[PDB]
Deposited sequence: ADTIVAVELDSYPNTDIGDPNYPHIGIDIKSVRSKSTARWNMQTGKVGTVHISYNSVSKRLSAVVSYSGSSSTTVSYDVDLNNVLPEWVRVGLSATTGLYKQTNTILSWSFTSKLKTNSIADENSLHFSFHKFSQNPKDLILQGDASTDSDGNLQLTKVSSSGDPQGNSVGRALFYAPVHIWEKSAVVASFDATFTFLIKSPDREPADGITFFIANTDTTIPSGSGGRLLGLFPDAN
């Protein structure tokens, strides 16, 4: 199956598969059961920002989520991604909804990779036909230039049981055997609105094998990334 590394903004506590009993950000290494989590003070209706970083000498993957004026949540995990990921990968964003729902709106996205070659892209607006994105599932761009990862209505209300992803078109070379150091950094901003008492399910930035696709049965709590909850 696919090989997945991800940072999850997990809106809904699925304590039956190991989630903590609160909204959380987490670091997922080949399993939906995060190797490290931190409590996330989710704020419906406000734009948030996530920053993600990794360095192969440090061997530490880190993420921070924040909102204007409010305080930040951070999570880190010690890992050597070279013992986890292949040499070439793709990078993307995923989101799901399930029985409960929320908008999974992406307002901007940037990524930089360096191998010692380099790759850098940034979107502050998404076009009507983003030919540099591989859109999977229900993901689509709307009339305002925003990336709606899961289905939203004509008037802006989210739908349940929706899944979608967006991958950057070009593969990324993140290691080699003559390699001295590799790094990446990513940023995205997002807007989550929900009519539900308990919004669900979440948003991820993830890194996978180049031929990755939405797995069978990855809806809801599995965030469009994993085929099961092992």
| item | value |
| --- | --- |
| Non-modelled portions of the deposited polymer sequence, in sequence order | 117-123 |
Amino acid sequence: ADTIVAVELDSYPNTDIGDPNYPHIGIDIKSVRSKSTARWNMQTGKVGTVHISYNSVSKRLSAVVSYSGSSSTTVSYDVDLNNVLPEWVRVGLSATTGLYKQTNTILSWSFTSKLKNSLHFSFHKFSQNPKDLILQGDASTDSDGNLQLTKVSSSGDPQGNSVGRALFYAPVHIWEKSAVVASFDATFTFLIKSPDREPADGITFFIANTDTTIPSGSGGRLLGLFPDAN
From here on, numbers count along this sequence of modelled residues.
item	value
Mean C-alpha B-factor comparison - 43-51 and 24-32, higher one	43-51
Of 87-95 and 123-131, the one with larger mean CA B-factor	123-131
Member of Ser110, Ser140, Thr73, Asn117 with the greatest C-alpha B factor (per the PDB record)	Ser140
Most elevated Cα B-factor in the entry, residues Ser62, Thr187, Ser194, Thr37	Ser194
Ranked C-alpha temperature factor of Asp80 among modelled chain residues, by third	middle
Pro199 by Cα B-factor - lowest, middle or highest third of the modelled chain	highest
B-factor third for the C-alpha atom of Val7 within its chain	lowest
For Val57, the third of its chain into which the C-alpha B factor falls	lowest
Modelled-residue ranking by C-alpha temperature factor, third containing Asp211	highest
